Amino acid sequence: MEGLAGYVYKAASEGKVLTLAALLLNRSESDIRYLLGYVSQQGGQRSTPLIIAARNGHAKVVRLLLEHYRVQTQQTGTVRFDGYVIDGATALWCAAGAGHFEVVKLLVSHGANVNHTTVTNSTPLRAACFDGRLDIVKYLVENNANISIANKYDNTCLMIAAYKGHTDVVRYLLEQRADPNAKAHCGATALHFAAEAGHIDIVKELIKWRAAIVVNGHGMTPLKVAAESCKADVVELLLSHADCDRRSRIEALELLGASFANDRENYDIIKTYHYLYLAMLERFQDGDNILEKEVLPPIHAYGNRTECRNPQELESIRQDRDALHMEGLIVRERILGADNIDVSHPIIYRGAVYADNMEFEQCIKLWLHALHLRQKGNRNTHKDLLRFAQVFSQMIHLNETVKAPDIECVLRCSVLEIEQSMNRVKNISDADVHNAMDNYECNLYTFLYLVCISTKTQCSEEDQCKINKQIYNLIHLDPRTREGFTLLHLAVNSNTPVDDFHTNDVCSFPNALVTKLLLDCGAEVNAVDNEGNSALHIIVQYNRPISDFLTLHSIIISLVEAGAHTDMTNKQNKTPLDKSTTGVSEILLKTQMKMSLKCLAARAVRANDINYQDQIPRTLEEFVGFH
Amino acid sequence: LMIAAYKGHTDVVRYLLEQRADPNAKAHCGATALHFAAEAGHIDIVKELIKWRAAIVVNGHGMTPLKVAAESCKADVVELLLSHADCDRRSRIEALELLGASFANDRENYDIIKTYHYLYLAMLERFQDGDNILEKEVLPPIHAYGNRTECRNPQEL
Amino acid sequence: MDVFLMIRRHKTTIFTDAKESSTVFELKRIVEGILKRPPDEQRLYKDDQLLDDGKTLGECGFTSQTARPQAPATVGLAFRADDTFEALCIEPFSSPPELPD
Amino acid sequence: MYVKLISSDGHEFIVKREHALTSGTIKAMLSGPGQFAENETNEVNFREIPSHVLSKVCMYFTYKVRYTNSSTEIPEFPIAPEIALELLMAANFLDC
């Protein structure tokens, strides 16, 4: 039974043999095998009692289970609790992933599942490669298990061994003559994963095996991968494969110097110039077939710098801090283009540094350009919009003015991002719907924070019209959250989440200024949620009537003047007068409740439960649904 | 209790509150520590005293803790002391009127729009029922404030 | 204070405002001011009881609560044909239909 | 000065001009070539309104003129359950 399943769950968890004997005997055949063949839902994640035996390495309880019974290891379970918690894995999958060799050998002799393929076709060797135990990996191959099993993105076991620090796994795979040029979905073959985490031994291990150089899907060579990762140990190693040529040798040094210019862990300004000056002098070293520096067009975001075509001008900016940081960004754009995953990450880091250093206008320009680059790559810039809102609120708290074109561009970018978020919600059936909806709600909340900042800031009249146009477009796009909360509702309900950062210092929900702006832009003031609540039908549920009575009075005035029905019942048939839940908020509604014979007659019809179906005009059938 | 509630220390007040301190810690000044909480707006301490039902008494000058909260121009304390439900329509009306009047003249927090809105909210609740209205009790006019006899009508306000 | 009230003759039904202290004669004055007929030809009837011209509405029974403003009291009206006064005839309103189901 | 509302059956419901003019369709019906500004009749001839329905409509005209914004609470309108579902359609027809 379900209670008996939890009884044997603790017996295997404690690693006790004599306790499980009494709990798995003296019964019929039907109920006994159910306990050993069903997962137990503990802590919100289901797990087999044999999983918790293999997870803790309790070989004593589980070895005698196979001798006296016919329990199999094909029980479906989760993979791990480190941010994955997805099911489908067999019981042998966690045997290798728990770092216990003693439990792998017993499951092989009784129904070996070394060729197990889940929804992600993850064999127990993949978990063993993730665990990185040489004894588990060596024995699992000895039990006739395939090694070339690739996932949807072709997760070859050599890649995870190269990605992880377990260099013993990758050197054993080449002894079995595994594929070195394992093509992935994104084109990453062996050297891309090895030379990204600074694994000097792993990259050296594949030099003999000749993993070669192939450009992946992001337009990057494996040599350029090491230069982007700020790992100079493997950059010099990859330069000595005897096939690099002059074009790809300096640009790796330039990429390494550009990557070292702006980074969190590896920020060295002396090594940035020296690597670049080494690359600068390597280009201008002969004068014949000289590798002259091509120049990108000037960008206003990076000041007005036009790169460094000479070694003399690079030397003149050695003592100046921000010039070297600005110069490294342009050459990084020249090498990696505008399609790299982490091309804008140094720009974001420099913007964060400038925000911490109270440099605001340059930070805004850099973050705007990084937002544009990420938006060209079709990525969720919700974090970038949150950063924009946070720095705007930090400026507001220090009473630093925010330029109107900046917030205009940020709001337009956020509107477009909301469009693509709706696109990602629409097309995905059940793949990542929860994540897409979370990103959608985060985008909407960031839009509201930026709108509140825009209302508090002074802006140009034409650019105020542009802000109104952007908000008008977003309203005509009709955003909707999980509860059906429209954009107006989230500017009304106090349950709207606010970020822990400086946005909590500027965004008070309900907001009197935002609701005036949304209604002026043209928000549907009668928009209903899943429960049928209007915008006014929620503001009455405010639990602070007198603390911010100025806030509550302005919004109800704005909502009534826009034309919100004060009688619009919810799914439970409660009027905003009835859902007042507050003495003061009831009083303000009674003053603004404009009279209507139509409203009173509809109340009389609905209260008396008259059969109004198909006895009134069809446009009135909806009206009785309101009242 | 009163010493730790006049200053912003809710932890000591709470610890004494579950240590069975005085629920009505009267003083020579005639306080309760609800008055002291209202004088400085330590709203968490007000919540702590409300959660133990510290009751309400009249100060030496004729003031409930709600009235002291309204006088000190502290609206959140007015909220918490109005939500305690041991206050009638007259007490609610006079507290709102006092808060609205106190926002009109105070250097630290002078917001005339708050004054008008709170006074209008008080007037609306005075004329809420139409009949049986708690009509004003305006004194004869004081020469210092011109000679206006308050505002006993919604249109007057 | 004042009420509104209905004056019904045959099918016609006119609405008006009147004070409690306003007399029946003043109601005749306003009826003359709208219906364009001299008040000496007109008799105002509370139900079927004839009203004195100088009697105020409060004395007749039209208080602020008995003649409720949204559902006012019915005041009958009788005109005069030549030298003879007509009988008080008030046609009832159209009957509301039966409640469905 | 006084409008001359009449139902289908002929029951006249003469009321003050602005008392009716609170509604919208009764304002539209008065305006235009159907004015006939003699300054006493200004009659409007409904066709699909029963007498009791427009009676309660005139009741509401007086009721909304009286307590348009006075105090906060207003006495409830006495709508009979049987006269509803005809008062609502006459509300739409009048845009009241």
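Chains as they are written, first to last, in UniProt numbering: chain A, 1 to 627; chain B, 158 to 314; chain C, 1 to 101; chain D, 17 to 112.
The beta-carbon is built from N, C-alpha and C at its ideal position, and this holds for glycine as well.
- Residue contact check for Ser-87/D against chain B: a CB pair falls below 8 Å.
- In this structure, the alpha-carbon of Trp-367/A lies about 16 Å from that of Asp-339/A.
- DSSP places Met-6/C within a strand segment (E or B) once states are collapsed to three.
- Here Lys-28/C is near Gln-42/C, since their CB atoms are less than 8 Å apart.
- Within 10 angstroms of the beta-carbon of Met-220/B lie 16 or more other beta-carbons, which makes it buried.
- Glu-313/B and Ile-200/B have their alpha carbons spaced roughly 35 Å apart.
- Look at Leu-281/B: its C-beta is under 8 Å from a C-beta on chain D.
- According to the DSSP secondary-structure assignment, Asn-61/D is paired through a beta bridge with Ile-22/D.
- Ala-564/A places its beta carbon 8 Å or farther from that of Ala-601/A.
- Under the DSSP assignment, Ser-40/A falls in the beta strand (DSSP E) whose first and last residues are 40–42.
- Rounded to whole angstroms, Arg-305/B and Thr-66/C show a C-alpha spacing of 38 Å.
- For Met-280/A, same chain residues with a beta-carbon under 6 Å away, outside a window of 5 residues either side, are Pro-311, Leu-314 in chain order.
- Measuring C-alpha to C-alpha distances from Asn-289/A to each of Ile-270/A, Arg-247/A, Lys-152/A, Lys-10/A identifies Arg-247/A as the nearest.
- In the three-state reduction of the DSSP assignment, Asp-438/A falls in the helix class, which pools H, G and I.
- According to the DSSP assignment, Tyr-45/C belongs to the beta strand (DSSP E) that extends over 43–46.
- Taking a C-beta distance under 8 Å as the contact criterion, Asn-115/A and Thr-90/A do not qualify as a contact pair.
- The continuous alpha helix (DSSP H) containing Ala-194/A extends over residues 191–194.
- For secondary structure counted as the beta strand (DSSP E) over 3 or more consecutive residues, the segment 238–323 of chain A holds no complete run.
- Annotated as distal: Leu-92/A and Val-71/A, with beta-carbon spacing of 8 Å or more.
- Taking 8 Å as the threshold, the shortest C-beta distance from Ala-100/D to chain A falls below it.
- If you compare the alpha carbons of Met-1/C, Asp-40/C, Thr-12/C with that of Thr-84/C, the shortest gap goes to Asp-40/C.
- Here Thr-486/A is near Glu-524/A, since their CB atoms are less than 8 Å apart.
- Residue environment: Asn-530/A is assigned as exposed (fewer than 16 neighbouring CB atoms within 10 Å of its CB, all protein chains considered).
- By a beta-carbon distance limit of 8 Å, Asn-511/A contacts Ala-491/A. Their separation comes to about 6 Å.
- For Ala-96/D, the C-beta contacts it makes with chain C under 9 Å involve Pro-96, in order along the chain.
- A residue is called buried when at least 16 other Cβ atoms come within 10 angstroms of its Cβ; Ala-258/A meets this threshold and is buried.
- In the three-state DSSP reduction, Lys-36/C falls in the coil class, being neither helix nor strand.
- Rounded to whole angstroms, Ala-352/A and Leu-385/A show a C-alpha spacing of 13 Å.
- Counting only residues of its own chain and dropping the five nearest sequence neighbours on each side, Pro-180/B has a CB closer than 8 Å to the CB of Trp-209, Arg-210, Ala-211, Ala-212.
- In the DSSP assignment, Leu-65/A falls outside any beta strand (DSSP E) and within the unbroken alpha helix (DSSP H) covering 59–68.
- Contact of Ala-87/C with chain D by beta-carbon distance below 9 Å is absent, the smallest such distance being about 19 Å.
- With contact defined as three or more Cβ pairs closer than 8 Å, the segment 45–52 of chain C and the segment 40–58 of chain D are not in contact.
- Annotation note: the UniProt repeat "TPR" (344–377) of chain A contains the following uninterrupted alpha helix (DSSP H) runs of length 4 or greater, listed N- to C-terminal: 345–356, 361–376.
- Taking 8 Å as the CB threshold, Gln-615/A lines the interface with chain D.
- For a cut-off of 8 Å, the C-beta gap from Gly-76/C to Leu-88/C is around 5 Å, short enough to register as a contact.
- Sequence-distant partners of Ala-59/A (beyond 5 residues in either direction) whose C-beta falls short of 7 Å from its own C-beta, in its chain, are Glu-102, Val-103, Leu-106.
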